[PDB]
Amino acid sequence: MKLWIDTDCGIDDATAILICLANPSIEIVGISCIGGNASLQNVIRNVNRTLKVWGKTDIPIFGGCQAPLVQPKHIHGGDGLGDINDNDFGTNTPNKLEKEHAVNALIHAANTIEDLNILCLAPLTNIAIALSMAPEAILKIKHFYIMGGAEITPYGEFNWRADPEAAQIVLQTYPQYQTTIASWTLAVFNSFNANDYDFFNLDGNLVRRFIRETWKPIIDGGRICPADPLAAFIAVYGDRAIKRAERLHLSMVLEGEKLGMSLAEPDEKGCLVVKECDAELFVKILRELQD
């Protein structure tokens, strides 16, 4: 599976990225960066940290837009990655960043790489702009896997509320039938008690140290809500990752008091909205990658 990743690399992004790095059947052809959890510069820094920790700097990193499309301007720390110390990980080395804008690089990849899939872990600003400039190219992409949206209070949702116009563009331009959704609701339904589960609190190697220290601030009232990892889990392990799912046509509320929330109607040509995951397989995947 050839996979592009769009990220606002904060903490759960980095672990999502590791889930893709760990599967040998996955080929990451590019990572685009967008502001969100942290500034665009911090996101590029943090993608670099994540790749350097895993030991595969083989993947081109593209910088995207710095702000949401229309809406004006944290939890993942000051640096967006749990305020970790580069000297404790050996990641105080120059960062790689390609010259092409993330929008142009994604268009070129969609135009030239066959059977390209995309994993969207962030507000959809880069994607929406790409769809605006070359919809024919982006429409060549085989499948969209998106973390975002909510049905558990919806006010925990970040990606689509952060740029509801970009989400609307995606949802009305790229075919929803070829779209799978890992929602914020799903991240809370499949959440774990960190007083009962230890898979984000190991040591022995660089990977475990990285996961343990990055997740510490996010672990919320001591719960692990693994939104972006679940999205990567679904993208990489397909139907085996999914227990329950429903087909829903989705749209953004772009005005009024519910601005940024989403509307969903049962529709068989709509998004595949995952409603429950295989948590046992999920944890096993998380543990295996930390070997």
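Sequential numbering from 1, following the sequence displayed.
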{"query": "Deposited residues lacking coordinates between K73 and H74 (none, 1 to 3, 4 to 9, 10 or more)", "finding": "4 to 9"}
{"query": "Where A134 meets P135 in the shown sequence, the number of deposited residues left unmodelled", "finding": "none"}
{"query": "Higher-scoring stretch by recorded Cα B factor average, 200-208 or 176-184", "finding": "200-208"}
{"query": "Residue with maximal Cα B-factor (values as given in the PDB entry) among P229, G30, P266, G64", "finding": "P266"}
{"query": "Lowest, middle or highest third - CA B-factor, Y155", "finding": "middle"}
{"query": "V170, C-alpha B-factor rank within chain (lowest, middle or highest third)", "finding": "lowest"}
{"query": "Chain third (lowest, middle, highest) by recorded CA B-factor, residue given as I138", "finding": "middle"}
{"query": "Third of the chain's Cα B-factor distribution that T57 belongs to, per the entry", "finding": "highest"}
{"query": "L281, C-alpha B-factor rank within chain (lowest, middle or highest third)", "finding": "highest"}
